[PDB]
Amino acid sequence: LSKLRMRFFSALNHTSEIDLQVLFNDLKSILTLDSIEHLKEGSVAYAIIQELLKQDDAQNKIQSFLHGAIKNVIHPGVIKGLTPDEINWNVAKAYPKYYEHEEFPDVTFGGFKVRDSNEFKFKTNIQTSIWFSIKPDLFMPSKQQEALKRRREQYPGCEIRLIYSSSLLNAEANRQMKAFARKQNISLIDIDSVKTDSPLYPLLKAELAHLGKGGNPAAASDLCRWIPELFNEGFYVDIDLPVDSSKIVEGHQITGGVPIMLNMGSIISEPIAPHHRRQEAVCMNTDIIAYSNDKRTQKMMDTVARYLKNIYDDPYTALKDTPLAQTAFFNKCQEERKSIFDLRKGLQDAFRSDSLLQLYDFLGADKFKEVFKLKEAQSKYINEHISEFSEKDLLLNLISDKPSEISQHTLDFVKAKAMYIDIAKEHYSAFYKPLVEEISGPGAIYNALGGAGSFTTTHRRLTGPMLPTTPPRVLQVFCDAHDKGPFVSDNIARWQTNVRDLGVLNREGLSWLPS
């Protein structure tokens, strides 16, 4: 009985406003150590009990409350793999007069109205990762190999699947991949051989075929995540994500309110005048995705795939608000209907050119003026004469708005050029990253899922136990694969991060940005 009794008394705060021993005696039949966690302070049950304590007939009312709550809500919840938050909502919903609350709101996520029924089930012990190599002689770098060996030990008995492309590897590298998979007991999937009707399949093959000419392996990996033949159960996880073994659950099953969950969090803004309202914006990432065994997973997946397909048919709209949209190069590509690959390749080429003239032609008058912080007169002059400039003409007009005043006989032109090229190159990654993120990645996915702004919301202070009564709370409780799954990611903010506390994200990430 014995320390269960002692846990029970502690959970109920050793109150003598009722007799706990007598209560325990009538509950000893259904009480378990697991259900006690859901009775402690911070729980809905606890709060309900504190209110019953202040009314007549507390002994009896509490006993019937507890017996029903445990038998019908908490115990079945624990066995299903429900979280403490999901259990709390189920108790409040089952006892609406003991615990008054707002309605569960209508929230659309990927075309699905989010449900509070816990009906979607997910396996946490099946995990799929992706590695497409850009070096034909290296099947996978050591970092990622060691991540995989480590995952085997932090999550024993998990099924690891690995997607790769044999066409990217030479004979020997391919043999080494297969040998690595044999040694690690990994299920190896060759994307080259996958049979699918997905519209994403030729796009991912094109990304891989364009490596070295504007393709990107993270983009190909992004696309794989939304093909039903590859993902219909378990989790997708970025290959080097660690497992927090304390987050592993007994049955290796969790539930959600939608058929596909992923990594979510949120940022709360500072209070804005005049009403001091703070705003909560939900963040999302695709480094952790959980797919339900339910067949409705295929419908959500096809909604996303169609959105992605539309983006590849016309990337210029998806990119309209990114930094690259401000450049003459971007406008030129758009007018010429260049592919996303020609767009990425032109950017990379501009930045290895070493030419200030080529840089100007790439950026265009306005972006050039802002990059180099030029005065209006200096910018107008350049724009008006650049059609007859040498590299030296341009460099002199960058150094001074009175090129004549400059003692060229003391100037180091090589150093000066390098300096200006350098300033421009600090912009490369802000130009490039969106060419993946807004195309196949989390920016495109966030839009495909209704996102975002549909969930943006205005923020309210929590008073008691958290409940899914506002859109962000519905997402947190029912649609987030991060907190309830076994993996941990530093890519985006965790839930309800005050903006001042954001910190640096993805400290050691970004393997996919070409040098």
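Residue positions are given as counts along the sequence shown, with the first one as 1.
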Of 483 to 491 and 45 to 53, the stretch with the higher mean C-alpha B-factor in the deposited entry is 45 to 53
Going by the entry, of stretches 266 to 274 and 287 to 295 the one with greater average Cα B-factor is 266 to 274
Per the deposited entry, the peak Cα B-factor within the set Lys143, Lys433, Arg152, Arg115 goes to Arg152
Entry record, C-alpha B-factors for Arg225, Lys121, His409, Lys345; the maximum is at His409
Tertile call for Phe132 (CA temperature factor, within chain, third-based) is the lowest
Chain thirds by Cα B factor, record data; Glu207 belongs to the lowest
Binned into thirds over the chain's modelled residues, the C-alpha B-factor of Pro315 lands in the middle
Of the three thirds of Cα B-factor ranks in this chain, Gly464 occupies the highest
In terms of its chain's C-alpha B-factors, the third that includes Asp238 is the lowest
